[PDB]
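Participant: Attaching a single structure in structure tokens format; questions to follow.
What is reported rests on the model, the rules as stated and the sources as named; these are not laboratory values. Don't worry about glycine lacking a Cβ; one is built from the backbone with ideal geometry, like all the others, and counts go over all protein chains shown.
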Amino acid sequence: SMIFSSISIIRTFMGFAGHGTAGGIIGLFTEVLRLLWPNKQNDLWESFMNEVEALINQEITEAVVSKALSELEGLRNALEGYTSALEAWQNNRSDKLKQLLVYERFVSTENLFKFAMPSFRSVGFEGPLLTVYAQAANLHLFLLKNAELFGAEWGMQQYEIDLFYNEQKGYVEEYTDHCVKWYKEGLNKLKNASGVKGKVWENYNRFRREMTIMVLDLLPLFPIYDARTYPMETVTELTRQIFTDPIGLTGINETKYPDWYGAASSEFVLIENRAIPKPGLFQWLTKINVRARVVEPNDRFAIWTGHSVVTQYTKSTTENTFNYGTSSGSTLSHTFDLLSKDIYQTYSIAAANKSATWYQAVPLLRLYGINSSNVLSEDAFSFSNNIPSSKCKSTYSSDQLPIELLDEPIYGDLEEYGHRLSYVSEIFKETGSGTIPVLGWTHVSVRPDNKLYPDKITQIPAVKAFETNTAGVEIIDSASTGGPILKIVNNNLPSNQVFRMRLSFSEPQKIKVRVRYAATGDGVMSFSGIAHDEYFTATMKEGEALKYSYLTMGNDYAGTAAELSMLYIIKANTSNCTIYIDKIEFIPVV
């Protein structure tokens, strides 16, 4: 599967984020070439192009495909030759001629990326080529890291090490800007596509879901390839929530069993707003309730009357409850208790009946779970349904979000499953009765403990908090950071406090806190466990694109991790500006 190859690529680079040994680097390269060029063929890059063409409904001309693939094969052979020379040098570092040899393969291979990258954004085809661009962009940035890791030991002088560093910094911004712009444009085009609005939303959401996995999930890694800002292993999380296709009847196409699309709202914004909850602090699904009733227009079958969703914020027990529909008239009920479980797979039966009225039915939903002890669990409800099976649609979540479990599966293993169930929304319906539910998933790199890792940079998103101030603090979308971010407007802060977060550690932790932030003006920030507040300067002008830098607290004196940590903005000494908080980074001090 191509989606599962993409999940694996992301996971591989996240697993090796920040590492800088030559032996491990060699293992990452060999691993990565097998993933991206299975059996030394371009099969995966063809699938990248074919899938994206299908998603955004634009083909690529054979002249451009053939040129992209031809550069991709040159890139494969140059990386092969580079890793091979990196290995020969690593096993005989004192050999001058082997230092020369790996230096030459490096600059020749890095020049190929410079020469080749434009072929992956051919004018008129930047859209359908986007995943090819993102993935090659990713390799280029990672290759450039090698110069900072090994350059001086190859005989590189500092100026040339410094040139590659600065080139990498520019490419991070170029490649990120390109991926975001064309992600948003494909979205924009799909949003304005002709057709039944329900199917227009579905195609729009499918692009968002797959391109999040293929492209956006790459973008948080790009700054981590900065080996000066990240000189050791760095632990990152993707907090973004994506939605699988709505669980509604399709594919039968008979007047009595139509596709659900015609029943959805005729307004795009209504579907989007009811299917896709607002950004918030990251949320763990702890319960689902379904209420359903039986109808007998001719066939007889249950339909949902309403449903409810319960979540908790990270390391908080307070419950967030979201209700949909109603329980009035329901005669059936099922509650899934999901606290402690990663639900890694779902199975559903979808049905519909259009006669005097138009019913949508999900009479069966089965969840597959695994808990922290690695014990598999299952739970389901099966409600009445006498519609012939060939008039129903069964679906496995793992067909959009693939898994690959071991015989003794392990909780938290992304090598096995990359996503966990997080939400149940619905399709805003224009007519009829019955819930068309939509399932929301979060990425398994998010961990439920907010653990600090000694010996590692722990990068914790601000949204891993459990509380924010009542005013002046908003949570907003961000395409390039792997999840949402905090937006602070200072004149609207009731007080200095921005958010609260609970951390997990065994022993007392000697920390520096580095915030990755953006701001339109100057001010002063503060964090629990760190004595001195830190003045920060503007990174951007109001309105323009967000531009991030870093702000370190604990440079005067190392702090100690508070289990209950708060970020503060000192209103009195902060300008009348906007501040964005992306990640919180706990840097270990010796």
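Participant: Please verify whether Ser495 is polar (S, T, N, Q), touching a residue at least 24 places away in the same chain (Cβ under 8 Å), farther than 18 Å from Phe586 by Cα and buried (at least 19 other Cβ atoms within 10 Å of the Cβ), treating the condition exactly as stated.
Facilitator: So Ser495 does not fit the description; no.
Participant: Would you pick out the residues in region 525-549 that are surrounded by 14 or more Cβ atoms within 10 Å (Cβ to Cβ) and within 29 Å of the chain's Cα centre (by Cα)?
Facilitator: The answer is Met525, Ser526, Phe527, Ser528, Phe536, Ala538, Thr539, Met540, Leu546, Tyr548, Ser549.
Participant: Collect the residues in region 186-199 that are surrounded by 20 or more Cβ atoms within 10 Å (Cβ to Cβ) and either under 19 Å from the mean Cα position of the chain (by Cα) or hydrophobic (A, V, I, L, M, F, W, C) (or both), keeping them in residue-number order.
Facilitator: Those that are surrounded by 20 or more Cβ atoms within 10 Å (Cβ to Cβ) and either under 19 Å from the mean Cα position of the chain (by Cα) or hydrophobic (A, V, I, L, M, F, W, C) (or both): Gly186, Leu190.
Participant: Further question on the same structure: Among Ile303, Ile252, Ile288, which is in the same structural domain as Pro363 (by CATH), closer than 30 Å to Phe466 by Cα and either in contact with a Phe, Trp or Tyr (Cβ under 7 Å, 6 or more places away or on another chain) or hydrophobic (A, V, I, L, M, F, W, C) (or both)?
Facilitator: Every option except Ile288 fails the conditions.
Participant: Spot the failing condition for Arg274; the list is (1) outside any helix (DSSP H, G or I); (2) in contact with an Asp or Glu (Cβ under 9 Å, 6 or more places away or on another chain); (3) surrounded by fewer than 19 Cβ atoms within 10 Å (Cβ to Cβ); (4) not hydrophobic (A, V, I, L, M, F, W, C), and only one is missed.
Facilitator: (1)
For (1) farther than 19 Å from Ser397 by Cα; (2) surrounded by fewer than 22 Cβ atoms within 10 Å (Cβ to Cβ); (3) of a type in the set (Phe, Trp, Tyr), each residue gets a yes or a no:
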| site | (1), (2), (3) |
| --- | --- |
| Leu281 | yes, no, no |
| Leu285 | no, no, no |
| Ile288 | no, no, no |
| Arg293 | yes, yes, no |
| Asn298 | yes, yes, no |
| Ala302 | yes, no, no |
| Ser328 | yes, yes, no |
| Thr331 | yes, yes, no |
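Participant: Next question, about the same structure. Give the residue that is nearest to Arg209 (Cα to Cα), with candidates limited to residues of region 50-66 that are of a type outside the set (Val, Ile, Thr) and part of a helix (DSSP H, G or I).
Facilitator: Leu55
Participant: Quick one: in region 245-270, which of the residues that are crowded, with 21+ Cβ neighbours inside 10 Å and out of contact with any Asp or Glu (no Cβ under 9 Å at 6 or more places or on another chain) is nearest to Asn320 (Cα to Cα)?
Facilitator: Top of the filtered list is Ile247.
Participant: While we're on this one: List the pairs whose first member sits in region 70-95 and is free of Cβ contacts under 8 Å to residues at least 40 places away in the same chain, whose second member is surrounded by fewer than 16 Cβ atoms within 10 Å (Cβ to Cβ) and among the polar types (S, T, N, Q), and whose Cβ atoms are under 7 Å apart, counting only residues at least 6 apart or on separate chains?
Facilitator: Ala78/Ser108
Participant: Take the conditions out of contact with any helix residue (DSSP H, G or I) (no Cβ under 8 Å at 6 or more places or on another chain), closer than 30 Å to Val196 by Cα and without any contact (Cβ under 8 Å) to a residue 24 or more places away in the chain and apply them to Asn323. Does it pass?
Facilitator: Spelling it out, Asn323 is indeed out of contact with any helix residue (DSSP H, G or I) (no Cβ under 8 Å at 6 or more places or on another chain), closer than 30 Å to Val196 by Cα and without any contact (Cβ under 8 Å) to a residue 24 or more places away in the chain.
Participant: Within region 206-229, work out how many residues are in a loop (DSSP other than H, G, I, E, B) and crowded, with 21+ Cβ neighbours inside 10 Å.
Facilitator: Count: 4.
Participant: From the residues in region 82-104 that are farther than 16 Å from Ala147 by Cα and of a type outside the set (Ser, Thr, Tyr), which one is surrounded by the most Cβ atoms within 10 Å (Cβ to Cβ)?
Facilitator: Among those residues, the one meeting the criterion is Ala88.
Participant: Oh, and also: Looking at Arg34, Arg11, which one is touching a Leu at 6+ places or on another chain (Cβ under 6 Å), in the same structural domain as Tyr82 (by CATH) and charged (D, E, K, R)?
Facilitator: When all the criteria are applied, what remains is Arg11.
Participant: Among the residues that make up region 400-423, is at least one of them closer than 26 Å to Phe268 by Cβ, among the small types (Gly, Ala, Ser) and out of contact with any strand residue (DSSP E or B) (no Cβ under 9 Å at 6 or more places or on another chain)?
Facilitator: no
Participant: Return only the number of the condition from (1) closer than 23 Å to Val446 by Cβ; (2) touching a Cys at 6+ places or on another chain (Cβ under 8 Å) that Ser373 does not satisfy.
Facilitator: For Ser373, the exception is condition (2).
Participant: Considering only residues that are of a type in the set (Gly, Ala, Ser) and surrounded by 17 or more Cβ atoms within 10 Å (Cβ to Cβ), look in region 9-54 and name the one that is nearest to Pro220 (Cα to Cα).
Facilitator: Taking the candidates together, the pick is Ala17.
Participant: Another question about this same structure. Would you confirm whether any residue within region 411-433 is touching a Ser or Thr at 6+ places or on another chain (Cβ under 7 Å), small (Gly, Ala, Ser) and within 19 Å of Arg208 (Cα to Cα)?
Facilitator: Looking for residues that are touching a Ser or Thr at 6+ places or on another chain (Cβ under 7 Å), small (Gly, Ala, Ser) and within 19 Å of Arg208 (Cα to Cα), one finds at least one in region 411-433, hence yes.
Participant: Restricting to region 175-185, name every residue that is surrounded by 14 or more Cβ atoms within 10 Å (Cβ to Cβ) and either in contact with a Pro (Cβ under 9 Å, 6 or more places away or on another chain) or without any contact (Cβ under 8 Å) to a residue 60 or more places away in the chain (or both).
Facilitator: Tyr175, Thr176, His178, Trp182, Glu185
Participant: For region 335-368, give me each residue that is of a type in the set (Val, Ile, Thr) and either surrounded by 24 or more Cβ atoms within 10 Å (Cβ to Cβ) or touching a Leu at 6+ places or on another chain (Cβ under 6 Å) (or both).
Facilitator: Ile343, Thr346, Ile349, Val362
Participant: Right, next: Would you list the strands (runs of 3 or more DSSP E) that sit entirely within region 539-590 and hold 1 or more residues that are over 19 Å from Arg500 (Cα atoms)?
Facilitator: Here the list reads 549-553, 578-588.
Participant: Please count how many residues of region 500-517 are in contact with a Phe, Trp or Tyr (Cβ under 8 Å, 6 or more places away or on another chain), under 28 Å from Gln241 (Cα atoms) and surrounded by fewer than 23 Cβ atoms within 10 Å (Cβ to Cβ).
Facilitator: The total comes to 5.
Participant: Right, next: For region 355-372, check the following and say yes or no: at least one residue is outside the structural domain of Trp201 (by CATH), in contact (Cβ under 8 Å) with a residue 12 or more places away in the chain, touching a helix residue (DSSP H, G or I) at 6+ places or on another chain (Cβ under 8 Å) and farther than 25 Å from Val196 by Cα.
Facilitator: Looking through region 355-372, none of the residues is outside the structural domain of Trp201 (by CATH), in contact (Cβ under 8 Å) with a residue 12 or more places away in the chain, touching a helix residue (DSSP H, G or I) at 6+ places or on another chain (Cβ under 8 Å) and farther than 25 Å from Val196 by Cα.
Participant: Identify all residues within region 113-166 that are part of a helix (DSSP H, G or I), aliphatic (A, V, I, L, M), surrounded by fewer than 19 Cβ atoms within 10 Å (Cβ to Cβ) and free of Cβ contacts under 8 Å to residues at least 60 places away in the same chain; write none if there are none.
Facilitator: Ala152, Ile161, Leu163
Participant: So which pairs qualify, if the first residue must be in region 508-523 and touching a residue at least 24 places away in the same chain (Cβ under 8 Å) and assigned by CATH to the domain that holds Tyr550, the second must be among the charged types (D, E, K, R) and assigned to a strand (DSSP E or B), the Cβ gap must be under 6 Å, and the two must be at least 6 apart or on different chains?
Facilitator: Correct list of pairs: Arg514/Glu585; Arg516/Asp582; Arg516/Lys583.
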